[PDB]
Amino acid sequence: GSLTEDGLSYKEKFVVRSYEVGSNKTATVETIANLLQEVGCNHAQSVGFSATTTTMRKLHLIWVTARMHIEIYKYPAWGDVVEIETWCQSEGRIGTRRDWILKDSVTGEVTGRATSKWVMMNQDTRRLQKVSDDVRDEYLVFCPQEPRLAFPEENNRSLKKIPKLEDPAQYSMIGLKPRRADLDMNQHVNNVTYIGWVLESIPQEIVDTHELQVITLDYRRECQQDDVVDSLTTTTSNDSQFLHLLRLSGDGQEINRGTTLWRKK
Amino acid sequence: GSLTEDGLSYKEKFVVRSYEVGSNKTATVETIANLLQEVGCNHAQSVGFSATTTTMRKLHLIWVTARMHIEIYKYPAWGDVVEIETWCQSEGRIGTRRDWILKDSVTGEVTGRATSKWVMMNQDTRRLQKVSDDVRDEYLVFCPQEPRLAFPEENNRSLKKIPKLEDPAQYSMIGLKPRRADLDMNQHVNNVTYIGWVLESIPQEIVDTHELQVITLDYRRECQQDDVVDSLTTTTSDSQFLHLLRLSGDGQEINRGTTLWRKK
Ligand SMILES: CC(C)CNC(=O)c1nccn1C
Ligand SMILES: CC(C)CNC(=O)c1nccn1C
């Protein structure tokens, strides 16, 4: 991987592995989500981040994902090379946005795109705080000044409000627990695990007959290493749509909400 | 990746990813096990296997792992390149062996080694069969003739008999279920998932203060997509543990193993 000529974005090629593909011999949405995370970390590394700034480490501040939105047109096949370009942009004091474009390395065609909203939080108290001016300037030199959006469309699906699923859910997968492979280097549950847990309540018949086109996920609260999760799905719709909810198995405390859009094979 | 000059082994370089490392910023044993699987599949692909031969497909025969043994000296750090060399050898009618050598791409030093025993099974009836002779010859041309062992030392850990853990276990992790990410392209539970499930019953105190040096795992039965698993561990000792994976209901055995850990 390498920063582009202008130094304002990062590109990386990946060869799709055998264990990274599903029944269609193409990469799963969790494999894609892992590759976006990987290219995102390599971009921060390439511009001097061990992605916390000098001031953030001092104040015990971290960047946390609030929303993730992925749209896939063609999932890469096992053995294919996928090129991913990523960049960040500040969206005022609300936080930052990280965008990705996935391309077929051979043809150059856009096979997918993604966007994410990040907010500043104290690692210890978990309290959100707006981006201070001194923090903002530290990372403005690594972002393009003019707007550059993976989702520029007038009324695009990446900014739609997500409602709360009402009980009874149509489908459910109960008692989901993270294992050590689900934890990152800081022993927190990886953001990608929640995508897999959302998809666990989709019936196998939808998975076998449809392709996942769009997934939007809101992150409300993190699942601890010793927490148990319940995954809920209700159909909201030639295309299938679902409303999703992740909540703590005990008191029913919300951890995530989302929607998926599937198209017939 | 590419076959070596003699065409009798395969090499591949891998850069360790951010999500592939644990709390020590080094690759987990499941990441290593995934890379061995990846280099093993790329080797079969490079020699014409689209690793069943054309005769095996006609008979509905597959290769199944019976035993896995991994020894790690140094886990690669996040961002490092690891070079893995793999090869196969026939071990008579019992089955085939696949071996691996892991090296630091920068220094050339051996950082780990692995071995696995594979047996021929009918995919439908699940009945174990000898490799026959017409099937033998089809893949003998891709293996070295003289012995080439990742574990040559007479009386080594990779061939030691594994006993069955007696109840009550010292530690346990119950109700383990596979999710879709745990399944391979054929909707079977990936053989790497069982390693993660074995390690789930090791106390976090051992993981935080020790490094996993050796792991030997016997595969007795596959866990179905809708099965629930119980993971059991008892200390037998450096720390040593005896492991057992069994079906959450009737207690039907799926795996047995041992681990060896060294103080950091
Ligand atoms: C939004 C989910 C899929 C996580 N993806 C990321 O972008 C990420 N997580 C940690 C560091 N990065 C770059
Ligand atoms: C590495 C351990 C978990 C065993 N897995 C493999 O080697 C394998 N599975 C399918 C194809 N290969 C080469």
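All heavy atoms count here, side chains included; hydrogens, waters and symmetry mates do not. Just so you know, ligand 1 is whichever comes first in the structure, and atom 1 is the first atom listed for that ligand. Labels below follow one simple rule: chain letters A, B, ... track the order of the sequence lines, proteins then strands, and each chain is numbered from 1.
At distances below 3.5 Å, at least one donor-acceptor pair connects side-chain atoms of A:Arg257 with backbone N or O atoms of A:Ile162. Side-chain atoms of A:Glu85 never come within 3.5 Å of backbone atoms of A:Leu102 as a donor-acceptor pair (strictly under, hydrogens ignored). A side-chain donor-acceptor contact under 3.5 Å links A:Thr86 to the backbone of A:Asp99.
Of all protein heavy atoms, the one lying nearest to atom 1 (C) of ligand 2 is B:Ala33 O, 3.1 Å. In terms of protein heavy atoms, atom 3 (C) of ligand 1 is closest to A:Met68 CE, 3.7 Å.
Close approach of ligand 2 to B:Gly40 is summarised as follows: ligand atoms under 4.0 Å from at least one heavy atom of the residue are 13 (C). For ligand 2, the atoms sitting less than 4.0 Å from at least one non-hydrogen atom of B:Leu36 are 1 (C), numbered in the order shown with element in parentheses. Atoms of ligand 2 found under 4.0 Å from any heavy atom of B:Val192 (numbered from 1 in listed order, with element): 3 (C).
For the pair B:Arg148 and B:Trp87, the cation-pi test (distance below 6.0 Å, angle within 45°) is passed.
Ion pairing between A:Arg17 and B:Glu38 fails under the 4.0 Å rule for side-chain N and carboxylate O. Salt-bridge annotation for A:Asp182 and A:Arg180: absent, with no side-chain N of the basic residue lying under 4.0 Å from a carboxylate O of the acidic one.
Taking distance alone, with nitrogen or oxygen atoms compared against 3.5 Å, B:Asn191 approaches ligand 2 more closely than that limit. Close N/O approach between A:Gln37 and ligand 1 is found [any backbone or side-chain N/O within under 3.5 Å].
Ligand 2 lies within reach of B:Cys41, whose nearest heavy atom is under 4.0 Å from it. Taking 4.0 Å as the cut-off, A:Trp63 does not count as a neighbour of ligand 1 on heavy-atom distance.
In this pair, B:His243 and B:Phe241 present their aromatic rings tilted. The plane angle is within the 30 to 60° band.
Of the heavy atoms in A:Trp100, only side-chain atoms (C-beta onward) come closer than 4.0 Å to ligand 1. Within the 4.0 Å heavy-atom criterion, neither part of A:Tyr194 lies near ligand 1.
Rounded to the nearest 0.5 angstrom, B:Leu245 CG and B:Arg220 CZ are separated by 12.5 Å.
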